[PDB]
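Peer 1: Protein chains in written order, with our numbering: chain C, 265 to 360; chain S, 265 to 360. Positions of the beta carbon are idealized from the N, C-alpha and C atoms, including for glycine. Pasting a structure here, questions to come.
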Ligand SMILES: O=C(O)[C@H](c1ccc(Cl)cc1)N1C(=O)c2cc(I)ccc2NC(=O)[C@@H]1c1ccc(Cl)cc1
Ligand SMILES: O=C(O)[C@H](c1ccc(Cl)cc1)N1C(=O)c2cc(I)ccc2NC(=O)[C@@H]1c1ccc(Cl)cc1
């Protein structure tokens with residue numbers, strides 16, 4: 265989360281089928297996570313498939329990728345935390 | 265429009281306050297347009313403010329532009345025709 269209220273970073277959530285598959289494919293193994301954990305695994309993911317741009321590393325390109333289907337965009341910046349979060353929020357259910 | 269029938273491109277619409285200002289900001293001067301015209305002005309806007317990705321030209325990076333707020337995305341592909349129509353529709357009222 266970095267600059268997302270730490271309180272919000274610990275928010276307990278249940279990823280929907282598509283996001284859950286993304287997570288487990290990189291090593292995750294629960295059905296319930298904290299936002300901070302999702303970001304972490306989503307972080308490994310980006311890193312392993314190298315969805316980042318070599319010369320412009322803070323920009324991710326997920327056009328022809330499963331991530332692109334979850335987020336619904338061809339690219340985003342890892343510097344804009346609030347936007348990534350809301351993009352992640354649509355692929356899960358917040359456990360109350 | 266494209267991938268979208270001509271019957272749909274000619275649909276009559278009334279942009280909402282923000283999209284309207286957006287349109288008039290690039291030379292438009294009506295309060296009601298056809299989808300085809302909105303796309304055209306929106307095309308000039310994108311081009312005029314150089315919002316296209318230099319190395320992935322089919323991607324409109326509108327993250328830090330008012331266009332980002334209206335479309336609700338940090339970016340989008342000009343190949344996703346139906347998605348663009350949807351984003352535009354949310355910003356207007358179809359003149360019945
Ligand atoms: O570790 C961080 O603090 C940072 C981060 C950036 C934005 C947000 Cl919302 C949370 C965390 N982050 C990265 O900088 C990062 C960037 C790339 I390019 C690749 C991996 C990576 N690793 C991270 O753990 C996160 C991160 C992971 C997934 C996503 Cl979608 C965004 C950022
Ligand atoms: O001219 C077209 O047929 C095409 C177009 C693409 C998608 C849709 Cl839905 C309608 C029209 N189009 C562009 O390819 C385009 C691309 C860029 I990058 C910049 C301008 C541009 N000009 C256009 O007239 C359109 C277009 C304009 C605005 C938007 Cl939001 C999307 C496409």
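Run the proximity test for residue 335/S: is its beta-carbon closer than 7 angstroms to any non-hydrogen atom belonging to ligand 1?
Peer 2: It does not: the Cβ of residue 335/S is nowhere closer than 7 angstroms to a heavy atom of ligand 1.
Peer 1: Do you know offhand how far residue 285/C's Cα is from residue 271/S's?
Peer 2: Each residue's alpha carbon lies about 40 angstroms from the other.
Peer 1: Rounded to whole angstroms, how far is the Cβ of residue 309/S from the Cβ of residue 317/S, which I believe are closer than 8 angstroms?
Peer 2: Not a contact, Cβ separation roughly 16 angstroms.
Peer 1: Using the rule of at least 16 other Cβ atoms within 10 Å of the residue's Cβ for burial, across every protein chain shown, is residue 296/C buried or exposed?
Peer 2: It counts as exposed.
Peer 1: Is residue 265/C near ligand 1, judged by its Cβ being under 7 angstroms from some heavy atom?
Peer 2: Yes, since a heavy atom of ligand 1 falls inside the 7 angstroms radius drawn around the Cβ of residue 265/C.
Peer 1: Go to residue 278/C, then tell me how far its alpha helix (DSSP H) extends in each direction, as first and last residue.
Peer 2: Unbroken run through residue 278/C is the beta strand (DSSP E), 276-279; no alpha helix (DSSP H).
Peer 1: Check residue 271/C in the structure and name its three-state DSSP category.
Peer 2: Helix.
Peer 1: Can you name, in chain order, every residue of its own chain whose Cβ lies under 8 angstroms from the Cβ of residue 291/S, other than the five neighbours on each side?
Peer 2: Excluding residues within five positions, the ones whose Cβ falls inside 8 angstroms are 305 and 308.
Peer 1: Compute the minimum distance between the beta carbon of residue 320/C and the heavy atoms of ligand 1, and state whether it is under 7 angstroms.
Peer 2: The answer is no for residue 320/C.
Peer 1: Does the beta-carbon of residue 310/C, which I'm using as the reference point, lie nearer than 7 angstroms to any heavy atom of ligand 1?
Peer 2: Yes, Cβ of residue 310/C sits closer than 7 angstroms to a heavy atom of ligand 1.
Peer 1: From the DSSP output, which residues share a beta bridge with residue 316/C?
Peer 2: Partner(s): 324/C.
Peer 1: Among 330/S, 300/S, 360/S and 337/S, whose alpha-carbon lies nearest the alpha-carbon of residue 341/C?
Peer 2: Minimum Cα distance to residue 341/C is reached at 337/S.
Peer 1: Are the C-beta atoms of residue 265/C and some chain S residue less than 8 angstroms apart?
Peer 2: So no, residue 265/C is outside the interface.
Peer 1: Alpha carbon to alpha carbon, what distance is there between residue 275/S and residue 281/S?
Peer 2: Spanning the two alpha carbons is a distance of roughly 19 angstroms.
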